[PDB]
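Shown below, as structure tokens, is a lone chain in the form deposited in one PDB entry; questions about how it binds or moves come after it.
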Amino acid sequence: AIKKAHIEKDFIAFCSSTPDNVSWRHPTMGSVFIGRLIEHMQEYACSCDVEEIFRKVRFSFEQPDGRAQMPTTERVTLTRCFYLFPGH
């Protein structure tokens, strides 16, 4: 017996900036977005679902300096919370 499934589901995109805008990068330190994401994953993977973590990264960019960017969550079809449960 064949059953129907949604063609597109359980996706989440996380971009480094909003449309039209640049994302910043340090020659020895890497990308600002990537570095911030590693920090937040490391700290919050154990307590938050990935959508929450992405918001916290965004919040961490809330106060703009000379090199401002605002990471964007896109095309979200997560029906559930995704907890990484690091250590498990």
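The term rigid core refers to the most C-alpha atoms you can superpose between the two forms while keeping them within 1.5 Å. Residues that one form lacks are left out of the comparison. A residue's number is simply how far along the shown sequence it sits, counting from 1.
The form deposited in another entry exists for this protein as well; it is not shown, and the discussion that follows is about that form.
Undergrad: Quick one: core overlaid, is residue 14 moving 2 Å or more at the Cα between the shown form and the other one?
TA: Shift of 2 Å or more: no.
Undergrad: Superposing on the rigid core, is the CA of residue 73 displaced by 2 Å or more between the shown form and the other one?
TA: Residue 73: C-alpha displaced by less than 2 Å between the shown form and the other one.
Undergrad: Out of closer and farther, which fits the Cα atoms of residue 41 and residue 20 in the other entry compared with this form, where the change is 3 Å or more?
TA: Residues converge in the other entry, at least 3 Å closer.
Undergrad: Versus the form shown, are the CA atoms of residue 18 and residue 31 closer or farther apart in the other entry, given a shift of 3 angstroms or more?
TA: Here the pair is farther apart than in the other entry; there, closer.
Undergrad: Suppose the core is superposed; which segments, at least 3 residues long, show C-alpha displacements of 2 Å or more throughout between the shown form and the other one?
TA: Segment displaced between the shown form and the other one after core fit: 17 to 29 only.
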